[PDB]
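Before any questions on how it binds or moves, here is one chain, the form deposited in one PDB entry, in structure tokens.
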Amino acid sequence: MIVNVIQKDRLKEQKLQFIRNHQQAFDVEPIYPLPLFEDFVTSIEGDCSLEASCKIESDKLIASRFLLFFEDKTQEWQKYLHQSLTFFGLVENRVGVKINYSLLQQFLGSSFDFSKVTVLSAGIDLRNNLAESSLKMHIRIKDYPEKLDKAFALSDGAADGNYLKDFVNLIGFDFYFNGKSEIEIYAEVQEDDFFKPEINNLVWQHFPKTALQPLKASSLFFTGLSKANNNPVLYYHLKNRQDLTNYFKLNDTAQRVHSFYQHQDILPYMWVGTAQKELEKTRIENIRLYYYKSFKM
């Protein structure tokens, strides 16, 4: 048992370290209210992963973006949901804002089967403009067509984007501090399906050739269906973060993030998100970079 208390304290400090390393590299001052997220991730004593992310818009660097993934093998998804919602409610209380939950509420509405959840995340994207700050939640469902339909109904709605409805498993919620809220649905293609002829016909055919090149180094591909019908954001799960510069033409701000993380003590994979048209450019100006670390007993 003494092994357990020592390892719990150590995990608590390693999560805070991962968060501070990211914040201190990109923001001289922490963005308020980061310490509420720090308290939340330290209260999650089961196994988890953390995500630290940068959104780059030309030379603007948005870096107070963090996410916890619940990975306790007991899979008490409903308990994790409740722990995330009470953290959101603490943000509301301390900041003095009211979050608009209606989209999450309607998605969960008609008696939710939590056994169909395979991923749950909770986190933040904090800005000095409070109204532009947001809380975040992702839910991945499996073999749950009733809730797939409900998420589609909740976003912009039917076609198009409906052309990729059968590829959807991940649902994203954003909760802005001004009371605006959004839902997003993500179509995915797994590595083992990359070369199948039906996949080229149903998916790749609708994307420029440049969109296909980073699949060579990716184990997974996502795209958001409802935001930006024009110019959809494309997400690539790079097997090795070192391949980023080989497949994506980085500007100066993104290169600074990449250089910082090349030799950090983190997981080897990353996610890269970029709008479809950025890949047709000679140089990406808008890109989102996501890095990860795991925290296990």
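Start at 1 with the first residue shown and count on from there. Only residues modelled in both forms are compared. Just so we're on the same page, rigid core means the largest C-alpha set that superposes within 1.5 Å between forms.
Form deposited in another entry: not shown, discussed below.
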property: Mobile residue between this form and the one not shown, C-alpha criterion 2 Å or more, rigid core, from 86, 162, 118, 106; result: 162
property: Flag for residue 203, CA shift 2 Å or larger between this form and the one not shown after aligning core; result: no
property: C-alpha of residue 228 moved at least 2 Å between this form and the one not shown on rigid core; result: yes
property: Cα distance between residue 273 and residue 159, which in the other form differs by 3 Å or more from this form, closer or farther; result: closer
property: In the other form, shift in Cα separation for residue 202 relative to residue 229, 3 Å or more; result: farther
property: Once both forms are overlaid on the core, stretches between this form and the one not shown of 3 or more residues with C-alpha shifts of 2 Å or more; result: 156 to 165, 225 to 231
